[PDB]
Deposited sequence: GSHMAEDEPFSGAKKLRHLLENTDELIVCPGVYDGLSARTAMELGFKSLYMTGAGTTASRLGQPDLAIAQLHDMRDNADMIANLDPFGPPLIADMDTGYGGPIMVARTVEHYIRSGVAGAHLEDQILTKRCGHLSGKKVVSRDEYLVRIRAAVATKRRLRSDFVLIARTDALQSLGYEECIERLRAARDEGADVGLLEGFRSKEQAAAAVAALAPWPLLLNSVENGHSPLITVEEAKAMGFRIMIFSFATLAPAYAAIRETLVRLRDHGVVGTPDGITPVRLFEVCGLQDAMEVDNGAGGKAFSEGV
C-alpha cells in the first residue's frame, strides 16, 4: 500500500477512462500545494527541476542524480499519496544509463516517466537508436516486476513530420511502452488525429504554458481521447511572476507586502507540519 504510485497510476490508466490531470511541479512547495488541492497525479518537470535545484536553463544540465533526487523527494512526501510521473529525458546516457534511470525511478516510488528521442548532447536520433532506449527501459521495468508506466515521447514532429511520429510511437508501443507522447502539436486537429491513429493505445498530451502549441483545455483534451494531460510550467511560471512582483515592491517600496494569511505556520502546514507533529507527539518526547 505505501510507495505504490506505479500501481495506482496503472489502475487509473487501465481501469478507468478518465483524463488523468497532472500539474507540473518542481520542488517541495509546488508539490505540497498540488497535494493540498487534491490532484490525483503529479508531474515533475525537467525544466522546473533544473531551474529550481540548479538555477540553470533546460539544456541537459540536470543529470540522473538531480532528477532522481527531486523525484524521490516529491513522490514520497506522502507514502500513501498521489502517483508521480517524472521526466526522464533521454535516460542520461546509453542503454546502461537508461536502465539505471528506470531502476532508480522505480526504487524511488516514481509511478511513470517519459523517455524521448532527442539527441542527448530540435534534433532526434534514428528510429533504431530511439528503440534501443525504449527497449532498455521496458526490459528494466519487467526485470523489476514493476507496474511503472513508461511513456514514449517523440520530438520528431518539427524535423521529420507527423507520419514519422506516428510510426515511432507504434514502434515504441511494440517494444513495450505503455503510453505515447507526441510532443509539440501544431494544432488541435493534429492532436485529435494522433489519438485516433494510435487508438486504443493511450496518449498523453503535454500542455506547455505560454509555449508554442495551441491552447487545449482539459475538457477538450478529454473529448479528443487523451488519457493523461501534463502541465509543463504550471507552477514555475506563476511562482516567477509572483516572486518578481514582490521583489520589485521590496526594492522600490521597502516592504514585501504579501497577503497576511500566508503565514509561516500556514506554509509549514502545507509542507507537512501535521505529520511531523503526530510523529513528535506519538514518540512521547
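**Request:** Can you give me the gaps, meaning deposited-sequence stretches with no C-alpha coordinates, in sequence order?
**Result:** Those parts of the chain that were deposited but carry no coordinates are 1-7, 129-136, 301-307.
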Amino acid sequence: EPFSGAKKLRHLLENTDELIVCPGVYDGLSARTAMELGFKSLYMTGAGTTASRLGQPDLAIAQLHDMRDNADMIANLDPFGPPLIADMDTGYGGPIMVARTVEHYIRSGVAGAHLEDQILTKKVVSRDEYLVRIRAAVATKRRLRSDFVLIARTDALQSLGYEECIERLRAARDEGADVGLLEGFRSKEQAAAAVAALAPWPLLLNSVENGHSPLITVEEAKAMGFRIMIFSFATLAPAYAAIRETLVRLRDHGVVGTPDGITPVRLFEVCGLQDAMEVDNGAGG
From here on, numbers count along this sequence of modelled residues.
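**Asked** Which has higher Cα B-factors on average according to the PDB entry: 170-178 or 108-116?
**Response** Result of the comparison: 170-178.
**Asked** 50-58 versus 241-249: which one carries the higher mean Cα B factor per the record?
**Response** Here the higher of the two C-alpha B-factor means belongs to 241-249.
**Asked** From 90, 190, 206, 101, can you pick the one with the highest C-alpha B factor in the entry?
**Response** Comparing C-alpha B-factors across 90, 190, 206, 101, the maximum falls on 190.
**Asked** Between 163, 147, 78, 72, where does the Cα B-factor run highest in the record?
**Response** Of the options given, 163 has the highest CA B-factor in the PDB entry.
**Prompt:** Which third of the chain does residue 153 land in by C-alpha B-factor: lowest, middle or highest?
**Reply:** It falls in the middle third of the chain.
**Asked** Sorting the chain's CA B-factors, does residue 197 end up in the lowest, middle or highest third?
**Response** It belongs to the highest third of the chain when residues are ordered by C-alpha B-factor.
**Prompt:** residue 217's Cα B-factor: lowest, middle or highest third of the chain?
**Reply:** Its C-alpha B-factor belongs to the highest third of this chain's values.
**Asked** Within this chain, which third does the Cα B-factor at residue 226 fall in: lowest, middle or highest?
**Response** Its C-alpha B-factor, which the entry lists for residue 226, ranks in the highest third among residues of this chain.
**Request:** Looking at the entry's B-factor column for C-alpha atoms only, identify whether residue 283 ranks in the lowest, middle or highest third of its chain.
**Result:** It belongs to the highest third of the chain when residues are ordered by C-alpha B-factor.
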